[PDB]
């Protein structure tokens, strides 16, 4: 095995730190013999070199099992070695790859051992093979190449390969090479003849730089198993996903189920995970059996049906636009597909995230759009054209009136029920001939006891006592009371900006049951006007509720 003739990367220790000096533990005779054999062969290969006892640094070695292997525990050196640039900031998504006629994998034989280590850093990699018991001074070596398990090796190997591939890439610009650890993926649109010939030009270029690669008879055939994917030059899919059929589901089994389904959702449309995830909340040990909820059973059954037949994704054509379509699956659940030619998906996915305690479908849709927009730029370097289950009018109305700024890239309405809509709206002007309710709450923070109530312009009145409450809850409770007892048209005046803010954003779902009870009442109504006044400014009706609800509370 050759050592690459490339330039070395200068390495330093962390500022104010010296090299490791951790002592060697006594080893058994069989382990010592095994290490001696390994180290003399490594020394003849040029990988390591003998040093004297003038070198003060040490890292412990160990021998593990017919054949033996040497383990160098670099924990202490790694702690003292400088930080490096990250090996990668992300991995390619298969959907972003372009279709090739042929693609070949070439693995590098003994990757790290083929690239030299900075001469001035070599002294810190020193290790000692101990003699039988205490007696003799041990045999001392240092590394000449990138050591396995050392902090800098991944980054320095990658950087070395990049420099080696650079000449070849520049004079062969229409051949694509992806670097991954010790593997090289090489694709082109050349005919079967001059592709296999082109691999040989690469293999000879790599061998010239001390990197050996497998020949035609040894190199793997497609599909290639990589990072949980199954890759053809023509199509891609996720690796075989098999959902076990079990009588009893443990936490561990459900965690693994959700993981598989989540992974599958990249190409299998409509995958659902919500009900299965609910089973894992505040859950016990991994061995604990969780009875499947009826909704979880139905979700599992729907997923099995989806995964029944194999599904593949296509590759990316840079000359065509990307199309993203989104559908609502249920409450909080969103699903999407991206294609270039109608219904031949490059990839699929799902969105579920709950941004904030209270929300609506319009906000969730936009959040889904922004998630897909970011994904698209990462994968394809451009935004897709969207097709959304919301009318332009509905979208128009919401964006204009809402306090928050947004921008959705080019999109079209598509009639795929359920359509996104707002379930109620607040009046811009007070209602003529409707009862005006003045509301307020009060809570005692010591006892957590509180009161919620109202007074009206028609002399109506009510107070309800609450037991484990907060200021905010009592204000919502008061508003809920006013809605319950009011009739189809109502004017409601609150001194709670918190309550105002929630309701003005037209939520249709909430983490609070109380807010959900308010939402249910707002939809039943014909007209609702909600106004705000400052608290304790001698405002007529407002002062009347305050005294009423604060009595016995504060």
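Positions refer to the first chain, counted from 1.
K.L.:
According to the entry, how many residues of the deposited sequence fall between residue 65 and residue 66 and are not modelled? Options: none, 1 to 3, 4 to 9, 10 or more.
P.N.:
4 to 9 residues are missing.
K.L.:
Between 263-271 and 137-145, which has the larger average Cα B-factor in the PDB entry?
P.N.:
Averaging CA B-factors over each stretch, the winner is 137-145.
K.L.:
I need to verify one thing: averaged over C-alpha atoms only, is the B-factor higher for 198-206 or for 90-98?
P.N.:
Averaging CA B-factors over each stretch, the winner is 198-206.
K.L.:
Taking the Cα B-factors listed in the entry, which of 361, 325, 191, 253 comes out highest?
P.N.:
Each of 361, 325, 191, 253 was compared by C-alpha B-factor; the highest is 191.
K.L.:
Among 372, 225, 346, 476, where is the Cα B factor highest in this entry?
P.N.:
Answer for 372, 225, 346, 476: 225, with the highest C-alpha B-factor.
K.L.:
For residue 430, does the deposited CA B-factor place it in the lowest, middle or highest third of the chain?
P.N.:
Highest third - that is where residue 430 ends up once the chain's C-alpha B-factors are sorted.
K.L.:
So where's residue 61 on the chain's Cα temperature factor ranking, which third?
P.N.:
For residue 61, the deposited C-alpha B-factor lands in the highest third.
K.L.:
Could you look up the Cα B-factor of residue 219 in the entry and say which third of the chain it sits in: lowest, middle or highest?
P.N.:
For residue 219, whose C-alpha B-factor we compare with every modelled residue in the chain, the answer is the highest third.
K.L.:
Would you mind ranking residue 409 by its C-alpha B-factor against the rest of the chain and naming the third, lowest, middle or highest?
P.N.:
Middle third by C-alpha B-factor.
K.L.:
With respect to C-alpha B-factor, does residue 36 fall in the lowest, middle or highest third of the chain as deposited?
P.N.:
Residue 36: CA B-factor falls in the middle third of its chain.
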